[PDB]
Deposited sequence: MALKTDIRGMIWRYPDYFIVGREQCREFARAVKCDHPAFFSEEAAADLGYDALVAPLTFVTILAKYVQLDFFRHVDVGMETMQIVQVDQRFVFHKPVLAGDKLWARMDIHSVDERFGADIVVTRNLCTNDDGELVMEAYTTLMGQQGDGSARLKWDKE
């Protein structure tokens, strides 16, 4: 492991705005075609007052935080698992605060196994999403 990181909580010192045009480009980049990804009328028809972000969009925020962490703690990679839990829908215009916890550290057969948990909260402090990434050594 090189450095014992178990149970470290890493608060990301910046907020993240889920950007409208960027979402639409991300959506087209992963070949989504649902009109709630692109139109405010279509999203309004489903009850939302902004567009819905592509369901993997917050991977960008998740890795902003992960890289900030590895830049600040030495450990010395393939991603084997990805999990998203949507407690609220994440829309264009949302302001998100990120917090990464070290969920698990192993070293089965060969190299190291770290499970990061990226917590996303909004300006009111309610939980909008959790993202679990499993990295391997």
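Residues 1-2, 79-83, 145-158 of the deposited sequence have no C-alpha coordinates in the structure.
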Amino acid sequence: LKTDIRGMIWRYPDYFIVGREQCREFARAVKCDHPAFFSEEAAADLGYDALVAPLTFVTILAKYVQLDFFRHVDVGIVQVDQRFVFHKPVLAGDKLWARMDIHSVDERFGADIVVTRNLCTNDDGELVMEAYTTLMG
From here on, numbers count along this sequence of modelled residues.
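When the mean C-alpha temperature factors of 12-20 and 120-128 are read from the deposited coordinates, 120-128 comes out higher.
Stretches 107-115 and 37-45 differ in mean CA B factor, with 107-115 having the higher one.
Between the residues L61, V78, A29, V90, the entry's highest C-alpha temperature factor is the one at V78. When all modelled residues of the chain are sorted by CA temperature factor, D94 is found within the lowest third.
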